[PDB]
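Residue numbers for the first sequence, in the authors' numbering: 52 to 79, 90 to 355, 365 to 929.
As structure tokens, the structure follows; a few thoughts come after it.
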Amino acid sequence: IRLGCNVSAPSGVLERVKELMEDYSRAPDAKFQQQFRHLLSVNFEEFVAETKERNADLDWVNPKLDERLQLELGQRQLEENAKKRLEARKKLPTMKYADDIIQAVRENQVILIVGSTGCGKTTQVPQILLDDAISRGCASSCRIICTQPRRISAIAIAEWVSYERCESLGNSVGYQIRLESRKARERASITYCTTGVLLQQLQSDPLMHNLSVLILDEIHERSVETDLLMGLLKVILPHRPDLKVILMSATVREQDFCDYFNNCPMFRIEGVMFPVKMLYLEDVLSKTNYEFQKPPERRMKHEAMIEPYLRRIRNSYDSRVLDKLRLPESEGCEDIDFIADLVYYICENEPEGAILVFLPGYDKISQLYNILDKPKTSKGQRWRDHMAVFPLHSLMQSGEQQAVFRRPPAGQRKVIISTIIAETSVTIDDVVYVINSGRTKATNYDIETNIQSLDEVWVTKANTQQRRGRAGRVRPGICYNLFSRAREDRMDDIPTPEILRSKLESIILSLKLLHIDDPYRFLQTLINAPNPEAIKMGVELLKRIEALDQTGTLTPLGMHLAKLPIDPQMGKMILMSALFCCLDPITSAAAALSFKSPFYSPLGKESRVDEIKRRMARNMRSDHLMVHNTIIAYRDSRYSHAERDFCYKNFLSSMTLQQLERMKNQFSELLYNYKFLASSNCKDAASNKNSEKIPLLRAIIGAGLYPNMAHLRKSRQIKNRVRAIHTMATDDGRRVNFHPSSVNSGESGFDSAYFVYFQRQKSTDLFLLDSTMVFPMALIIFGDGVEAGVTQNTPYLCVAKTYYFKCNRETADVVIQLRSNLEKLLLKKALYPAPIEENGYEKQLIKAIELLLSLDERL
DNA sequence: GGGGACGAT
């Protein structure tokens, strides 16, 4: 057991800390307390009874409006722009089943609609179910909710379904997203929303009494929210006989949802797309005639799969080609000069259209971009100036432009080098050729060793099936699969359903507001039950941050954390920021970890965006504090009317920056309504009196990211110029390093040796994707595992019983006493939410902490 | 010295 630096405090400081704590100790309307004990007092049976009478607006309908809408419905049926927008509607496959669906919804609680892309189930089925109730004279009783996996989906489908009715947005069709809503009318309505929005509207309406039909769509992607909702529907529907809900899916393992609902009726409806011809590796090399020129069991493990297949079709391709499939180099994207030649192939033959190339990640997207842009080969020189190459990646701006979606200049063909982002999220219309390497990346979490890893793996058959349809949106296309058909048969059906890949601490908490107290029993109900060990780890963390007691029941703090749209750890961090008057920078850090970072990473300027993140970090050695600095600079550029030049100079997305600002202001209102803030402005002066005390911020950042700590021990000089080598290990002993995109990557001369992080990930090394340098005094205050004693013959104070620091008994005795009242303050404030009076008893304890943390300020 | 798309009244 080794000892760290000294964390003792001067006499005059402790004398004042003891003064403030003694001052805080002699102190003597909670509607929330009545709320918190009432949820625990009820069991499920009275829980269901109380919410039915609380949410009963749909028990009333208005006939004066029923008949009014019924008479106006087809007054439009007689005009010739309606009655001209409906024959085009009845050229969509779903309208042919319209009457059968009206029947199937009437006699079944749940139905399933399975349909390929282009059928228009999303666009039509809500209209069909709405127009039926209207013409029957039941319009005011019909309220339709239709979930979508992504935001961009929920809007564009709401905009076009609206124009199909000759109405502007918000009359009969509306959308409701996080931070954004153009909501439709109250009744006789269609509302497209994100799955997440419905899940939070559940805590006030847990058994869906404010809707008449629910439409879950793209459940085939098996996102966490869709499988959660279907598990939650099995609890709700026994108590809601009149609730209709129909599931929507593509043609990937559709029977799973039919089985999950006891063989509910399933509608398989037509597809409307152009035929896409599908080649494979044996078919591509048969036309291209490329060959590869420039490990101990791979050669025979591919031998074990392919030549059982090579000798199958022995007389179906030339044997010069079948030797080309014994190579482990032939399938995937190992030889990118092969994909390069395949692109040059498509340019000569195979007439007009765009090429979309699916490569696993940023690394191999760059290699062909450079091969295509500055080619070393003769035939590459010929095609260079007649290709318009757009690389597509979530960390690149091309996806937020108009160019990649527009058709290329005359005499040039557009080539898109993308990740899987172009599979469902981003869609390009003029694509007619797809080169699917079959290789992508994914994160797997090892539950046994607690390491997240990003690994290059093979694509599913579901992803390959989805990428085929990308080329068939405008004309007959071709999809080039760079892997043998034998490889396809070892490929899994669908990607690992992500409920088996997530940390569940947020979902365990969310379920407590819905009176689902046993997460082992409930999560076993889902289509694919999560590992019970991953459930225990969620419970154990929630117990550590004390959102639950040791019995498992949820605490008054846990209820607030369950009510904030953010993971419970930083939800607690946002909460601490209100107590400590640094709302603006901490909410920027929490909003930036919950969603994306604003910085683009355009190809070739890797070095330039390293220098610019360091400039906006302002030497504060924090990837989280630097994003707030970026928001401060982004705000100032709007006051300066220099927004565009600022975002260009500095490689930021104006789109995500504004989304970060909207979520921060969302955190402000929610705490203000929870009686934690006197004002709903994240920039208000009272909530920000400490917003530039930098040791104050790392303490609150550490309070949220604890216990993800790491200690640095070494630093290099010889013999470069800037970047240093770090021997640094997390608290578990595992040696790690700053991720190169992190601000602290390769830096030297840190004021402190200890760091906190949000995410550690293994790709090339154990990397910390983000880090803020913290001080031992801050960790000891807010962390746990704090004991005082002697070891060599040396007085110490430890944190997590991992990091032991020298300090005398005089300071250790009071910070232990300071931790005890900080804990009894937080519990009272969660039970009786009120903002801290600036000249009150509680502020004295706050100032006692500001004083101890101020001792680590820059000299 | 390197970043597989989603998302929360």
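Even for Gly, the Cβ is constructed at its ideal location relative to N, Cα and C.
Open item on the list: Please report the distance separating the alpha-carbon of residue 825 from that of residue 620.
Closed with: For the purposes of this step, residue 825 is taken as residue 755 along the first sequence, with counting starting at 1. For the purposes of this step, residue 620 is taken as residue 550 along the first sequence, with counting starting at 1. Residue 825 and residue 620: Cα-Cα distance of roughly 29 Å.
- [ ] Determine contact between the stretch 221-235 and the stretch 174-189, defined as no fewer than three beta-carbon pairs at a distance below 8 Å.
- [x] yes
Open item on the list: For a test of the three-state rule: what should DSSP assign to residue 875, helix, strand or coil?
Closed with: The residue given as residue 875 occupies position 805 in the first sequence. Three-state result, residue 875: strand.
Open item on the list: Three Cβ pairs or more, each shorter than 8 Å: is that satisfied between the stretch 514-526 and the stretch 450-457?
Closed with: no
- [ ] Under 8 Å by Cβ, that's how I've got residue 509 and residue 430 pegged, so tell me the actual separation to the nearest angstrom.
- [x] Along the first sequence, read from residue 1 onward, the residue named residue 509 stands at position 439. Along the first sequence, read from residue 1 onward, the residue named residue 430 stands at position 360. Right, the Cβ-Cβ distance comes to about 4 Å (below 8 Å), so this counts as a contact.
TODO: Determine the direct distance from the alpha carbon of residue 388 to that of residue 352, and round the result to whole angstroms.
DONE: For the purposes of this step, residue 352 is taken as residue 291 along the first sequence, with counting starting at 1. For the purposes of this step, residue 388 is taken as residue 318 along the first sequence, with counting starting at 1. Whole-angstrom Cα-Cα distance: 14 Å.
TODO: Using three-state DSSP, classify residue 462 as helix, strand or coil.
DONE: Against the first sequence, residue 462 aligns to sequence position 392. Residue 462: strand per DSSP, three-state reduction.
Task: Buried versus exposed call for residue 483 [16 or more other C-beta atoms within 10 Å across all chains shown] - done: The residue labelled residue 483 in the question sits at position 413 within the first sequence. Residue 483 should be labelled buried.
TODO: Please determine, among 403, 369, 885, the residue with the shortest C-alpha to C-alpha distance to residue 397.
DONE: Residue mapping note: residue 397 aligns to position 327 of the first sequence, counting from 1. For the residues 403, 369, 885, the minimum Cα distance to residue 397 belongs to 369.
Task: Those residues which DSSP pairs with residue 549 across a bridge - done: Numbered from its first residue, the first sequence carries residue 549 at position 479. Per DSSP, 339, 504.
TODO: Count the other CB atoms, across all protein chains shown, that sit within 10 Å of the CB of residue 384; report buried if there are 16 or more and exposed otherwise.
DONE: Here residue 384 is taken as the residue at index 314 of the first sequence, counted from 1. Its Cβ having fewer than 16 others within 10 Å, residue 384 is exposed.
Open item on the list: Applying the 10 Å Cβ sphere with the 16-neighbour rule, what's the burial state of residue 105?
Closed with: Position 44 of the first sequence, counting from 1, holds the residue named residue 105. Under this definition residue 105 is an exposed residue.
Open item on the list: Can you tell me whether residue 554 is helix, strand or coil according to DSSP?
Closed with: Sequence index remark: in the first sequence, residue 554 carries index 484 (1-based). Coil, per DSSP.
Open item on the list: Under DSSP, the beta strand (DSSP E) around residue 779 begins and ends at which residues?
Closed with: Stepping through the first sequence from its first residue, residue 779 is reached at position 709. Per DSSP, the unbroken beta strand (DSSP E) holding residue 779 starts and ends at 779-782.
Open item on the list: By the DSSP assignment, the alpha helix (DSSP H) with residue 188 in it spans what residues?
Closed with: Mapped onto the first sequence, residue 188 falls at position 127. Its alpha helix (DSSP H) spans residues 182-196.
Task: Continuous alpha helix (DSSP H) stretch holding residue 717: start and end - done: Counting from 1 along the first sequence, the entry for residue 717 is found at position 647. Counting along the chain, the alpha helix (DSSP H) containing residue 717 begins and ends at 713-719.
Task: Own chain, CB closer than 7 Å to residue 641, minus 5 neighbours either side, in chain order - done: Counted from its first residue, the first sequence places residue 641 at position 571. So the list reads 631, 634, once near-sequence residues are dropped.
Task: Residues sharing a beta bridge with residue 305, DSSP - done: On the first sequence, position 244 is the one that residue 305 refers to. According to DSSP, which records beta bridges pairwise, residue 305 is partnered with 274.
TODO: Tell me whether residue 528 sits in a helix, a strand or coil according to DSSP, three-state version.
DONE: Here residue 528 is taken as the residue at index 458 of the first sequence, counted from 1. Strand.
Open item on the list: Quick check on the DSSP output: the beta strand (DSSP E) that includes residue 516 runs from which residue to which?
Closed with: As a first step, residue 516 is located in the first sequence; it is residue number 446 there, counting from the start. Counting along the chain, the beta strand (DSSP E) containing residue 516 begins and ends at 509-516.
Open item on the list: When you compare the CB positions of residue 542 and residue 337, do they come within less than 7 Å of one another, or not?
Closed with: Against the first sequence, residue 542 aligns to sequence position 472. Against the first sequence, residue 337 aligns to sequence position 276. Closer than 7 Å, so yes.
Task: Candidates 802, 342, 103, 57, of which the one nearest residue 555 by Cα - done: The count along the first sequence starts at 1 and reaches residue 555 at position 485. Of the listed residues, the one whose Cα sits closest to residue 555 is 342.
Task: the stretch 651-658 in contact with the stretch 694-703 per 3-pair CB rule at 8 Å - done: yes
Task: With 16 other Cβ atoms within 10 Å as the buried cut-off, status of residue 639 - done: Your numbering for residue 639 matches position 569 in the first sequence. Answer is buried; the Cβ neighbour count reaches 16.
Task: Residue of 790, 833, 834 minimising C-alpha distance to residue 816 - done: Here residue 816 is taken as the residue at index 746 of the first sequence, counted from 1. Residue 816 has its Cα closest to that of 790, out of 790, 833, 834.
TODO: Helix, strand or coil for residue 699, going by three-state DSSP, please let me know.
DONE: Translated into positions along the first sequence, residue 699 becomes position 629. Residue 699: helix per DSSP, three-state reduction.
- [ ] Work out the CA separation of residue 68 and residue 651 for me, nearest whole Å.
- [x] Here residue 651 is taken as the residue at index 581 of the first sequence, counted from 1. Here residue 68 is taken as the residue at index 17 of the first sequence, counted from 1. Each residue's alpha carbon lies about 19 Å from the other.
TODO: Within 10 angstroms of the Cβ of residue 793, are there 16 or more other Cβ atoms? Answer buried if so, exposed if not.
DONE: For this step, residue 793 is matched to residue 723 along the first sequence. When all chains shown are included, residue 793 counts as exposed.
Open item on the list: Taking 7 Å as the threshold (C-beta atoms), are residue 903 and residue 93 in contact?
Closed with: The sequence position of residue 93 within the first sequence is 32, counting from 1. The sequence position of residue 903 within the first sequence is 833, counting from 1. Contact annotation: residue 93 and residue 903 have beta-carbon atoms nearer than 7 Å.
Task: In DSSP terms, what residue 402 is bridged to - done: Sequence index remark: in the first sequence, residue 402 carries index 332 (1-based). In the DSSP output, where bridge partners are listed per residue, residue 402 has none listed.
TODO: Report, in whole angstroms, the separation of the C-beta atoms of residue 668 and residue 730, which I expect to be a contact under 8 Å.
DONE: Position 598 of the first sequence, counting from 1, holds the residue named residue 668. Position 660 of the first sequence, counting from 1, holds the residue named residue 730. Contact flag correct, Cβ pair sits at about 7 Å.
Task: Nearest-angstrom Cβ-Cβ length linking residue 278 and residue 309, presumed shorter than 8 Å - done: Position 217 of the first sequence, counting from 1, holds the residue named residue 278. Position 248 of the first sequence, counting from 1, holds the residue named residue 309. 4 Å between Cβ atoms; contact.
- [ ] Use the C-beta contact count for residue 590: other C-beta atoms within 10 angstroms, 16 or more gives buried, fewer gives exposed.
- [x] Position 520 of the first sequence, counted from the first residue, corresponds to residue 590. Label assigned to residue 590: exposed.
TODO: Pull up the DSSP beta-bridge partners for residue 865, would you.
DONE: To locate residue 865, count along the first sequence from 1; it is residue 795. For residue 865, which the question treats as bridged, DSSP gives the partners 860.
TODO: Could you tell me how far apart the beta carbons of residue 746 and residue 645 are, in whole angstroms, since I believe they sit closer than 8 Å?
DONE: Within the first sequence, the letter at position 676 stands for residue 746. Within the first sequence, the letter at position 575 stands for residue 645. That belief holds up - the Cβ atoms of residue 746 and residue 645 are roughly 7 Å apart, short of 8 Å.
Task: Residue range of the alpha helix (DSSP H) that includes residue 576 - done: Here residue 576 corresponds to residue number 506 of the first sequence, with the count starting at 1. Start and end: 575-583.
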